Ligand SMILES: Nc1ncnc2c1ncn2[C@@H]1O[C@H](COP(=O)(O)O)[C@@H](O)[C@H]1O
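The data below hold one chain only, encoded as structure tokens and taken in the form solved without the named molecule.
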């Protein structure tokens, strides 16, 4: 009706899905999608992990402004989103609702019609100023077209149960949904659009049949229960998992891999133990850029730069000299800054000197540091670490109700907040903070129970810490320097077998040597040749 161009200010919960098939640019593709789902729709307030199941560089400088103000203001809750998960009282739908049974038979048909005839998933939740799914779909297919590669779909829209059959509308009607939401200053797009929306389906039809979706939704909205679906998202997912194992004898989680992004590239969760080189500037900036290189060639994937004589005077020129002498000359080290200072990180990010924030307070010193993790086109990854106190009070701040789980819950909550504020889940790393307000037997216990982080990207730092020495039994300070490095290599081995994603180390060459040998031992050609060869010997 005319109710579509209703000017009354409204807010809706817009759960989406963002697809691609290109492996090499899935990050550069889907983050570009998000920036425009953030520009032209509302606010991203949830993301799932990324899963496996040059034109764009120029476009971003010339974009059509939105008729809505962009808000980098941090929030700590969302009332509308909280209403959505519970499915309480919200406004009546703009477009006509088919009932529970009417939707079910219409769902079965569109499946069977297409049944007769790697995928890179990432779901979102958008706090949206859009009025209705079809108004959103018009903006979506317009976004799709400006990206020239991508399939953005609507998965829910509040608790709405809408199926709309035949849809075609005029070349000015489409423009009169684009005028409502976007400044328009070119027309080739509308031509492809007109019949590229044939239908509307809320919820999406594939939702409970495709695995790539029930896996993304399990991350974001596990307890959510639509009137359409037979159970909660968790329970439909956990049935699909045991169903594939029982019926077809397939571990489905084996081919559908969780991804985390450090900088530019895909990274498969639990599939590598990256070395992170410690560069501690505490002074001659020549010697330090020399050391960065020494560490790259020794095998470090990441360099963790930290100066905590001003902090920015210790870190920024050292990073500046690095960036000059690098271009002096796909092997480029990822750079993380060990700072809690907003001004230092801002300067580093605005001069493109860093890729990761390593925040040892888990962004609780200055929550506003979260803002800086996203420019107009770039996102940045973050290490969130657990601690209590400072270096002077730490050692005494040691009582926990439940050590392992309090720290885990702490970090999960911290993530939840970053996520609510549109930091993409797959860019958040967990760090238990070994030796930071932990006794030695407590640091060990955290390692004992490291499996607790099997679903998450894990960054840890054991190197040279006092707890290593506590493990050892019985020139005085020189022997203990040797034992500390060697004791560290034990923890690298442990980390390797526990599939820890990143380890933060001083002794890069030694750790690389250890990881190389362990990797070789695991590099088995024929996975069932041990039993084959066993059987051959028994038949003499």
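Numbering follows the first chain given and starts at 1.
Another form, the form deposited with the named molecule bound, is not on view; read the next lines as being about it.
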Inset, instruction - Identify whether the named molecule in the bound PDB entry is within 4.5 Å of every residue in the set 290, 325 and 332, based on non-hydrogen atoms. - result: no
Legend entry - Residue among 130, 348, 202, 458 with a heavy atom within 4.5 Å of the named molecule in the bound PDB entry: 202
Inset, instruction - Have a look at 254, 223, 246, 151 for me and say which one sits with a heavy atom within 4.5 Å of the named molecule in the bound PDB entry. - result: 151
Legend entry - residue 141 within 4.5 Å of the named molecule in the bound PDB entry, heavy atoms: yes
Inset, instruction - Would you please decide whether residue 310 lies within 4.5 angstroms of the named molecule in the bound PDB entry, comparing each non-hydrogen atom pair? - result: no
Legend entry - Residue contact check: residue 196 to the named molecule in the bound PDB entry, 4.5 Å heavy atom: yes
Legend entry - Distance check, residue 137 to the named molecule in the bound PDB entry, heavy atom within 4.5 Å: yes
Inset, instruction - Tell me, please, which stretch of 173-181, 83-91, 412-420, 153-161 lies within 4.5 angstroms of the named molecule in the bound PDB entry when heavy atoms are compared? - result: 153-161
Inset, instruction - Could you run down 267-291 and flag each residue that has a heavy atom within 4.5 Å of the named molecule in the bound PDB entry? - result: none
